[PDB]
Amino acid sequence: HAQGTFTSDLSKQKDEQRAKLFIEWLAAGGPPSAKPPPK
Ligand SMILES: *C(=O)CC[C@H](NC(=O)CC[C@H](NC(=O)CCCCCCCCCCCCCCC)C(=O)O)C(=O)O
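This entry lists solution NMR as its structure determination method.

What the PDB entry is called, per its title line, is "exendin-4 based dual GLP-1/glucagon receptor agonist".

Asker: Honestly, helix α1 (residues 5-29) in this entry has me stumped. Any pointers?
Answerer: Working note: α-helix, 3.6 residues per turn, so residues spaced by three or four point in the same direction. Its 25 residues place the ends of α1 34 Å apart at the C-alpha level, agreeing with the 36 Å of an ideal helix rising 1.5 Å per residue. Remark: the principal bend of α1, roughly 25°, maps to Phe22.

Asker: Just checking my understanding: could you explain the packing of aromatic side chains for this structure?
Answerer: Think of a pair of aromatic rings as described by two things: how far the centres are apart, and how the planes are tilted against each other in angle. On inspection of all chains with the given rule, the structure shows 1 aromatic pair. For the pair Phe22 and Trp25, a centre-to-centre distance of 6.2 Å together with 40° between the ring planes defines the contact as tilted. With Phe22 and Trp25 both in helix α1 and 3 residues apart, the pair spans about one turn of that helix. Relative accessible area serves as the criterion here: at 40%, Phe22 is assigned to the partly exposed category.

Asker: Just checking my understanding: could you explain the site of the ligand for this structure?
Answerer: Lining the immediate surroundings of the ligand are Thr7, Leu10, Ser11, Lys14 and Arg18. Separating a nitrogen atom of the ligand from a side-chain N or O atom of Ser11 is a distance of 3.3 Å. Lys14 is positioned such that a nitrogen or oxygen atom in its side chain is 2.3 Å from an oxygen atom of the ligand. Contact with the protein chains covers 20% of the free accessible surface of the ligand, which is 860 Å². Each residue belonging to the shell around the ligand can be placed in one class, and the counts come to 1 nonpolar, 2 polar and 2 charged.

Reading the values: rules and limits
Residues numbered from 1 in each chain as written, not as in the entry; some residues may be left out. Heavy atoms only, no water. Residues with missing side-chain atoms left out of burial classes, pairs and counts. Helix = DSSP H or I, 4+ residues; strand = E, 2+ residues; numbered from the N terminus. Expected span 1.5 Å × (residues − 1). Bend = angle between axes of the 7 residues up to and from the residue. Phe/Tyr/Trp six-rings, centres within 6.5 Å; stacked < 30°, edge-to-face > 60°. Buried < 20%, exposed > 50% of the residue type's maximum accessible area, 1.4 Å probe, protein only. Near = heavy atom within 4 Å. Polar contact = N/O pair within 3.5 Å; in protein donor to acceptor, adjacent residues only side chain to side chain. Areas by Shrake-Rupley, 256 points an atom, 1.4 Å probe, with all protein chains shown as cover. Nonpolar A, V, L, I, M, F, W, Y, C, P; charged D, E, K, R; others polar.

Shown next, in the form of structure tokens:
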């Protein structure tokens, strides 16, 4: 289905950044590093 390709691609692109962050952000040192959470 189209799934509103534009908004779904935003949602995918957020998921990707939020996720690569999540695991890297974790590796950096989650909230202690003073780097934002995925959101
Ligand atoms: C970004 O700018 C695009 C829009 C943005 N997308 C996201 O935030 C990421 C996708 C989003 N993820 C979540 O919402 C995660 C939490 C899901 C909780 C679901 C609870 C039930 C919801 C019921 C909705 C009923 C709707 C009725 C009318 C059609 C996602 O998966 O949507 C964004 O703002 O979503």
